[PDB]
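Geometric and topological summary
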Amino acid sequence: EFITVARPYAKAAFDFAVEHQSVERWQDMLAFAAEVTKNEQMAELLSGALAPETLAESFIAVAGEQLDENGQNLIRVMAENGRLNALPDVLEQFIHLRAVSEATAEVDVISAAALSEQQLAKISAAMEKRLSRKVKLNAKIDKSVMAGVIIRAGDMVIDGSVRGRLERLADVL
Amino acid sequence: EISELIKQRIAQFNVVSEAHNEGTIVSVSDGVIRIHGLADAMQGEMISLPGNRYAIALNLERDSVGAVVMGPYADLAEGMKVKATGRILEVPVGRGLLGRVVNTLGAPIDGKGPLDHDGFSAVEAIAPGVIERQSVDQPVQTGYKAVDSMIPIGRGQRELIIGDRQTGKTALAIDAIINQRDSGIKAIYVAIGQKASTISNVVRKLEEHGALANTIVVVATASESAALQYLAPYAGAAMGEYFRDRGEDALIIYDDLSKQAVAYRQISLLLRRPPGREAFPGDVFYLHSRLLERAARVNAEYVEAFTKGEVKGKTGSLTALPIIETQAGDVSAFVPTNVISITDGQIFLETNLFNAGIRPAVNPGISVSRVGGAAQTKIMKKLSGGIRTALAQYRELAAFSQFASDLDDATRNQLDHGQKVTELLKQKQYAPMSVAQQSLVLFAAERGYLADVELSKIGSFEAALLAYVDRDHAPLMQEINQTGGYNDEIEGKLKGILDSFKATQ
Amino acid sequence: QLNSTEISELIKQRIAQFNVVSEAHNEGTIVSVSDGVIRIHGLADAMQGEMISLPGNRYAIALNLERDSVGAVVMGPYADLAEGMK
Amino acid sequence: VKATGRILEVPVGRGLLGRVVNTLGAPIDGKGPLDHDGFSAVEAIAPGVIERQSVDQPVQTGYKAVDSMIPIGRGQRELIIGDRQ
Amino acid sequence: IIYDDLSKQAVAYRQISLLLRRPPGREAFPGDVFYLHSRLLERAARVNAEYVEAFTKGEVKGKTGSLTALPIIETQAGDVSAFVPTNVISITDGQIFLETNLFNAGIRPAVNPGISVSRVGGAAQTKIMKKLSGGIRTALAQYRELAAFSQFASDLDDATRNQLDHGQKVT
Amino acid sequence: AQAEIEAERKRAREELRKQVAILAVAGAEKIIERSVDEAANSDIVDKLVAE
Amino acid sequence: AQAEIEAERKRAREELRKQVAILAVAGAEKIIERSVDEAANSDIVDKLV
Amino acid sequence: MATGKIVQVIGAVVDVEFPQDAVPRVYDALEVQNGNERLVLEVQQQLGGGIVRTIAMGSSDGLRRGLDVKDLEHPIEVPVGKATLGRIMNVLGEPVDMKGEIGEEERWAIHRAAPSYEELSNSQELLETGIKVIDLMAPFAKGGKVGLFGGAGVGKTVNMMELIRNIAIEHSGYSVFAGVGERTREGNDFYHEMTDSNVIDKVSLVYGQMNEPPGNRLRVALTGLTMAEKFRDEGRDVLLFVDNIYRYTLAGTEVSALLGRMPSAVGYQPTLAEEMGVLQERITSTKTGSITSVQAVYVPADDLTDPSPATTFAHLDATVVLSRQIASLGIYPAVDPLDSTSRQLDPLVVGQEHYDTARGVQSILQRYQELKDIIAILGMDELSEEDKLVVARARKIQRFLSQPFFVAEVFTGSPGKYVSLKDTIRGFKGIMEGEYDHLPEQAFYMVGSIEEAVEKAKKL
Amino acid sequence: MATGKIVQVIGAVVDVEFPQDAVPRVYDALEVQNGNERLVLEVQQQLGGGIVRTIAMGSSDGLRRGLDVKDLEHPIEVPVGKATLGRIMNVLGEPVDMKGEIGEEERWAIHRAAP
Ligand SMILES: Nc1ncnc2c1ncn2[C@@H]1O[C@H](COP(=O)(O)OP(=O)(O)OP(=O)(O)O)[C@@H](O)[C@H]1O
Ligand SMILES: Nc1ncnc2c1ncn2[C@@H]1O[C@H](COP(=O)(O)OP(=O)(O)O)[C@@H](O)[C@H]1O
Ligand SMILES: [Mg+2]
Ligand SMILES: [Mg+2]
């Protein structure tokens, strides 16, 4: 695991994407590079002791659908230091950075039954007012909740499931 | 019976949800857990683990939080959810837990019901300032003749019982606690790393030979996590600091501060912090220093402002008696030298005196009291000045004694009187001695009433003197115990008592 | 893994210009200052034992020529120095 | 590099008596090849507790101090320790 | 079997371990030095006849195989406290100490009784040697105590004189 | 002796109280399973989403 | 006295098993704030004793 | 089905990668086919995403990267009960005596918590032993811990064999012997001795020897404790003999660094105190049953300052300190009477007479030690006549501490002696009071009671 | 305006991150609003990337990982002159006595070159 390695390259990439008005393109290009990172035979090549420049060219060759500024240079700079496995991490970092700048929160909810649109709309507005962002709710129908809902906004969470209240009363007892 | 109680406890419940921060366990190892998330975590916070266990957020790294588990850690797992509470570590305080045995978190291990504390206090707190502190000129009687005569302790002082293994450190500490049965001084015993059965023996001794009602017993055995042992003395310090700032006096004992240092070493090394002289972290001095500088005597204005005017003129205090174990008597080791610099006066317990049967095995010349005679009561101060000189002369002259005869009679008497005054300063374990009893025994030594009785009977002689004095001259005992005063009439009355006793057995 | 003297704006200049020789080989920028030892980035024209001229009338002696950085020691008061000084 | 799936084995037998051999089994005395009774593995495990037998037979050093005060028996493990020379 | 120098084996293993970037321990030796010497030395043993008969697939019957081992260790200026000698001393069934002082004094072989013992003991001797060596062992050890205790007494009790002279004879 | 007996009484009474509390809360869980539905779920949600 | 209070515990076990039914329904109704259906009570006996 | 794959094999430490759901938890067991050999791994750390770092309970040789691993969802579990009596077992509770299956009724996990503080039971039921100096200087009670401290070759094993003979035979309860890091020969000799004496039917044996990889030497002590605690929970009084606590700590030290830990003061692991405490706080006498334990403690370089003996001193009721000095001088057992003590040596717990006798002996020997160098340099006749009397009595007393053992009969060629405690007190009281001032020093050496001393004096 | 963020807290050591133009000099002083109190940090090392490593001139408890840090351009400055006579002060030049404010006319930095 190399989150901290991904943060420098991810900051460089994101800071560059807003200088050239192509955040939406940069995100999918980073996804493209991550898919290259996932390949079995490419992974063996990455495990080899090739020199960084020739390894970077072997990597570039399978990713011709990349721009000069974005792909050919970031791949080679990462290859100089062997941090190509950080591409998967850079992608997630890049998404979070974007969500910060655009004042958005990917608030996640879980429910024992499907919510009506009015209920979901009230929850959306209520979290936009609890927070200071445009929320984007996504729901999952899990019977483990038994009833009530879960609301997660990253690290923060609000639990309204009856299972939580049941076991809370059990711990009060 | 059980309903109604359970009914009211059902009514004490909340149905609506609450917002809080949720972290995820990344790694578990050796009592330390690595937690991802909790961007709102803070230095020294409590993180709530599943199972009602708490962890302390020590390391805040850029992409992870390193927390130490206060409890069993073997079942925690990667991917588990932990909730951050916003609390720096709190523990219960009050008179309701006076007389009970608890753990570092304050939960009772007594098996005799829950606590009725009056409130909570933070484990970490800053010490009183320079202008808020008062000079120590009140006595703390430990009940041992040698310590109370040569190495006096005052209300607010920080004495150090330093010695080797099996020399009487625990005994001296618990006998001080026992001697505070009837003073206004509350007592606290902190058992760090002690094996459980020894703690049980000490507890039974405390209730058996006196009052455990006056003492809080903090227990952290060798089987509990390093964080709990590390923070046990600080929790005890919080409990004592309550009394300190309430206008009342207290006495706390830290058993084996070296083992607390060991626990801190383990915690620091598992968090990858850089090591020092004996692998201890760089701030071990800042561990014991900020632990001990909370023990002080406090002036009336501080305590009156703190108590918000509940009491107006009193001055509270918290006397401390930490314990240190040297190895083969090495005083230059890192932890002992740190503690010796931090404290003011040490009671040094030498091992070859203990093996010789001279118990308690305090050693003059090396053991001093930096607070001086301002901590002694007047009668103990008057009758103890010459004991120092007699012993000092004895030390050097006795080396010559073993192979010498036909000596100057002044040196002969100096030597022999030193030998018998050395004989006098020793007593059984669980027998503490009041100020009057110690006073008259020291008076018998100093005024020469033992000079013709310089033989093996001295112990029986002391017992018979105490029995006789109890039999017929009690009023002076009461007056001395109440006042601690000394003057010409008291001097002559003591002379009369000794003169009368010499007639008896 | 470690962050081996790689940072965002240097990376972004490499992103804009993959070959670094666009800047003169006679100059570099201070990247770290630690208790007297200084760490310059650049200076492709540097050899061990040189007298690297800092801003002001101060000198630093090149000691280590690494893969990507030059390590030197400051001769004089070093506390005035910051990142990015040419 | 090929990986021959076999652990290190050494020549062993009665024909080694009187021969000077290196760690891999190659003679260095120059008196011809070995006459070994098969090979055996260098790294093996020891017999267990149930497979042992006690020591009650002597082996003579030929010296007086050793054979008298500090006797050695067949199956014993003796540490000869001291300074240089 | 003689292991002429276990310490040099330990040094070679230390070099291998450090070149492999394994974590170092006390005196830079890796922790598995004890494992090295232990798994080596415990291979020396005596095995019962059932084991021999099972191994040889019935060819050899009624015989116990045996291998005796004599490892050798070099101490630097007699520092027994060092890591490798501590481990090896802990493993073996006995010790034979050779000392520079005794060697220079002319006592060769330079064996020091009282610091050298054999745990197999009297069982590892012929009955005659067992009988006779029993007394020698105590005699020399207490001789050295008397010799230290009575350096300066010009005249002495002749019981201690007899033991002193007899210890001189045996030495 | 009487103090020890009183402490034992207190301990045992708490022990049995906790056992029966376990039983009661488990029964409550099964009751919830036997009684909860979508209308109750929406009622609970509307009491929750106010905050 | 210890034997005496052991018998006391037996009595209390039987007495509080009657209470656990009340407490179970009380908790269930409290946590959903609604009048619990008195139906399908076939399993209450195993929870009772 | 198999669920994990090996990714690293460094020395004795193995890393296994699992799916990020259902990762094995700490102290679990895992299984892998090392060729034809079934190999068990024990999980020690949950680290990284889906990876656990483990220790092999067997030889790590023959392992390849990519081998499948099957995760058993329990810790290492061992047979417990009467079926373990008379059988030798390894760390995993597998028979190594070639008598067949154990035949157990119940199996118990070796990782378990210590008794709660209110479970502890107080005891002062003094045991009597035939050894003079131990009963005099450090008597101990049923249900307590005993530790025999000593350097290399000072008499730990011989004393433990003597104590087994003296205590266990009169004991009617079951006993457990945990051979932690023992020499193979001495384990075989112990097994055959018990088999001949017909006491093997009440002893359970767990042997993890010097040759085995570090994990076995690390966990064999926990196996022994598990068996002893089963007997304790049945309500019986148990005798537990542990051959070396030192090599439990040492087996920890070997693998500590490979687990990623930073080294401690003297190269030990940072977790020495906790690793000692978790093991040693389980060896206690609870209200249901009592475990009485005797432990042999190695002293590196014969220096009691080392952290291992230093920490284990703080866990014991009675500590018999053997010294290489007294062993080299030829006094056997080599107990140091000045260092050895017991917390049962109270005038209340023992006879008041017994306490005074012990105190006087210690005082006299302490006074001799200071005079040793005085006399050595300046001469015997510089002393006063009272000092010369003290020197005489000191040497006689220091002889009377010696004793022949039944199990030390092979080394010396003499019968073994058993002395009752009353006789020991009587003899030392007589010597200190001068009733035997006129006998020579050897009249007390290697004898039993003081009546035997006067008989040998007549022969002298 | 405060221009920095905390990135780590390990014991008494605090690492904070600034823009690459605003990186403090080696012995500069920084101030943070920890709880309600103000905490002074003294910079010790300039690591790469705008991070500087500092020692907290006070209690480190209660510090989060996102707090804003104000960058003072001078080192620790203390009151000097005749007004300091008869007063007790801490390291930062503030009264640990209770008599009141020190009426200084001049404040000097504690770091300077020798004569
Ligand atoms: N005055 C005394 N008279 C008799 N025995 C005493 C006296 N003081 C202490 N002892 C004895 O000394 C022994 C050790 O006592 P204590 O536990 O207090 O020592 P210690 O130095 O604190 O030991 P450790 O570090 O091992 O806990 C006990 O057996 C106790 O009975
Ligand atoms: N009581 C005794 N009588 C005779 N010889 C002894 C006695 N105690 C120890 N020894 C000798 O010292 C040797 C070393 O002690 P032993 O107990 O075998 O190993 P350790 O002391 O290392 O456990 C014994 O094998 C024996 O040779
Ligand atoms: Mg003690
Ligand atoms: Mg042994």
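These lines cover the structure that appears in this document, whether it is placed above or below. For every chain, the first residue of the written sequence is numbered 1, i.e. counting runs from 1 onward, and this need not coincide with the entry's numbering; residues without coordinates are not included. All chains are assigned letters beginning at A, and all ligands numbers beginning at 1, according to the order in which they are written. What appears here is a fragment of a larger assembly, so each number quoted concerns just the fragment shown. Side-chain calculation: all heavy atoms of the structure are included, whereas hydrogens and water are not. Residues with missing side-chain atoms are left out of burial classes, side-chain pairs and their counts.

Some points on the site of ligand 1
Condition: Residues are labelled near a given molecule or strand when at least one of their non-hydrogen atoms is within 4 Å of it. Think of a polar contact as two N or O atoms within 3.5 Å of one another; within protein, one of them needs to be a possible hydrogen donor and the other a possible acceptor, and neighboring residues in sequence only count if both atoms come from side chains. Methods summary: accessible areas were calculated by the Shrake-Rupley approach with a probe of 1.4 Å, and residue burial reflects only the protein chains presented. Only DSSP runs of H or I with at least four residues qualify as helices, and only runs of E with at least two residues qualify as strands; both kinds are numbered from the N terminus onward. Classes in brief: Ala, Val, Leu, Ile, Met, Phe, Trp, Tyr, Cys and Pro nonpolar; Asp, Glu, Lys and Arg charged; the others, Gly included, polar.
Around ligand 1 lies a shell of 15 residues, among which B:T167, B:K169, B:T170, B:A171 and H:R343 are the nearest. With respect to ligand 1, the chains having nearby residues are chains B and H. Measuring from an oxygen atom of ligand 1, one finds a backbone N or O atom of B:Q166 at 3.1 Å. H:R343 places a polar side-chain atom, nitrogen or oxygen, 2.8 Å from an oxygen atom of ligand 1. Relative to its unbound accessible area of 650 Å², ligand 1 is 86% covered by the protein chains. Broken down by element, the shell around ligand 1 gets its largest block of residues, three residues, from helix 3 (residues 169-179) of chain B. Residue composition of the shell around ligand 1, by class: three nonpolar, six polar and six charged.

So, the interface of chain D and chain E
Selection criterion: Whether two residues are in contact is decided by their heavy atoms: any pair within 4.5 Å suffices. Accessible-area loss on putting two parts together, using a 1.4 Å probe and summing over both, is the definition of buried area adopted here. In the sections that follow, a salt bridge refers to a side-chain nitrogen of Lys or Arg positioned within 4 Å of a carboxyl oxygen of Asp or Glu.
With 37 residues of chain D in contact, the opposing surface of chain E contributes 54 residues. Buried area between chain D and chain E, both sides added, is near 4,100 Å², and the carbon and sulfur share of it is 56%. For E:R46, the salt bridge is made with D:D56, and the minimal N-O distance between the two is 2.9 Å. The interface formed by chain D and chain E holds 35 residue pairs in polar contact in total. Elements with a minimum of two residues in the side of chain D that touches chain E: helix 1 (65-69) and strand 3 (79-82) of chain D. Looking at the side of chain D that touches chain E element by element, the count peaks at five residues for helix 1 of chain D. Looking at the side of chain D that touches chain E residue by residue, the classes come out as 17 nonpolar, 10 polar and 10 charged.

Things to note about the arrangement of the chains
By number of contacts, the leading pair among the 14 pairs of chains in contact is chains D and E. At their nearest point, the C-alpha atoms of chain G and chain H are still 15 Å apart, with no contact between the two.

A word on the packing of aromatic side chains
Residue and element names in this part refer to chain B. How we decide: Stacked, edge-to-face and tilted labels apply to pairs of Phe, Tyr and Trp rings (six-membered ring for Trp) whose centres lie within 6.5 Å, assigned for plane angles under 30 degrees, over 60, and everything in between, in that order. The buried label applies to any residue whose accessible area, calculated with a 1.4 Å probe on protein chains only, is under 20% of its type's maximum; exposed applies above 50%, and partly exposed to all values in between.
According to the stated counting rule, one finds 18 aromatic pairs over all chains in the structure shown. Note on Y230 and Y264: the rings are 5.0 Å apart at their centroids and 40° apart in plane angle, and the pair reads as tilted. Taken together, the positions of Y230 in helix 5 (residues 226-245) and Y264 in helix 6 (residues 257-270) put the pair 34 residues apart, joining distant regions of the chain. Comparing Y230 with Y264 shows no difference in burial state: the two are buried.

Details of the nonpolar core
To be explicit about the condition: As used in this record, nonpolar core signifies buried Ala, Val, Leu, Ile, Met, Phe, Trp, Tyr and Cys residues forming a set joined through side-chain atoms within 4.5 Å.
Core analysis: the largest hydrophobic core is formed by 72 residues, its most contacted members being B:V147, B:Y189, B:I253, B:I347 and B:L440. Considering every element that reaches this core, the biggest residue donor is helix 14 (residues 435-446) of chain B, with eight residues. Not counting residues within four places of it along the chain, the set of residues in contact with B:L440 comprises B:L465, B:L466, B:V469, B:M477 and B:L494. The next biggest cluster of nonpolar side chains, apart from the first, holds 69 residues, and it includes H:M137, H:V335, H:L365 and H:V447.

Things to note about the site of ligand 2
Taken together, E:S118, E:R119, H:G153, H:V154, H:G155, H:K156, H:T157, H:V158, H:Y332, H:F405, H:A408 and H:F411 make up all the residues around ligand 2. Residues near ligand 2 are shared among chains E and H, making this a multi-chain site. Within the contact set of ligand 2, an oxygen atom lies 2.8 Å away from a backbone nitrogen or oxygen of H:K156. One of the backbone nitrogen or oxygen atoms of H:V158 is found 3.1 Å away from an oxygen atom of ligand 2. In terms of residue count, helix 2 (residues 156-170) of chain H provides more of the shell around ligand 2 than any other element does, three residues in total. Of the residues that constitute the shell around ligand 2, the class distribution is six nonpolar, four polar and two charged.

Some details on the pairing of strand 14 (residues 290-298) of chain H
Residue and element names in this part refer to chain H. Put simply, the rule reads: At least two bridges found by DSSP between two strands are what make those strands a pair.
When you tally the buried positions in strand 14, you get nine out of nine residues, the bulk of the element. Of the two faces of strand 14, the one holding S290, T292, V294, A296 and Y298 and the one holding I291, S293, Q295 and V297 are both buried throughout. In terms of strand pairing, strand 10 (residues 145-150) meets strand 14 through six bridges, oriented parallel. Residue pairing for strand 14: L148 is matched across the bridge by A296. Of the pairings in the sheet, the one linking strand 13 (residues 237-242) to strand 14 comprises six bridges and is parallel in character. Bridge pairing in strand 14 places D237 opposite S290.

Structural notes on the side chain of H:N211
Tracing the chain through its elements places H:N211 in the loop between strand 12 (203-209) and helix 4 (214-233). Residue classification places H:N211 among the buried positions, given a relative accessible area of 16%. Not counting residues up to four positions away in its chain, the partners in contact with H:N211 are D:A46, E:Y35, E:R39, E:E42 and H:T184.

A word on the pattern of salt bridges
This structure, assessed with the given rule, holds 90 salt bridges over all chains. For the salt bridge of C:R39 with C:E66, the shortest nitrogen-to-oxygen distance reads 2.7 Å. In this pair, C:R39 is assigned in strand 2 (residues 37-42) and C:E66 in the loop between strand 4 (58-65) and strand 5 (70-75), connecting sequence segments 27 residues apart. What makes C:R39 partly exposed here is its relative accessible area of 25%. A salt bridge links H:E106 to H:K230, with the nearest nitrogen and oxygen atoms 2.8 Å apart. You can see H:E106 sitting in strand 9 (residues 106-109) and its partner H:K230 sitting in helix 4, a full 124 residues away along the chain. Looking at H:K230, the relative accessible area reads 14%, which means it is buried. What you see here is one network of salt bridges that share partners, running through D:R77, E:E42, E:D93, H:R183, H:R185, H:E186 and H:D189.

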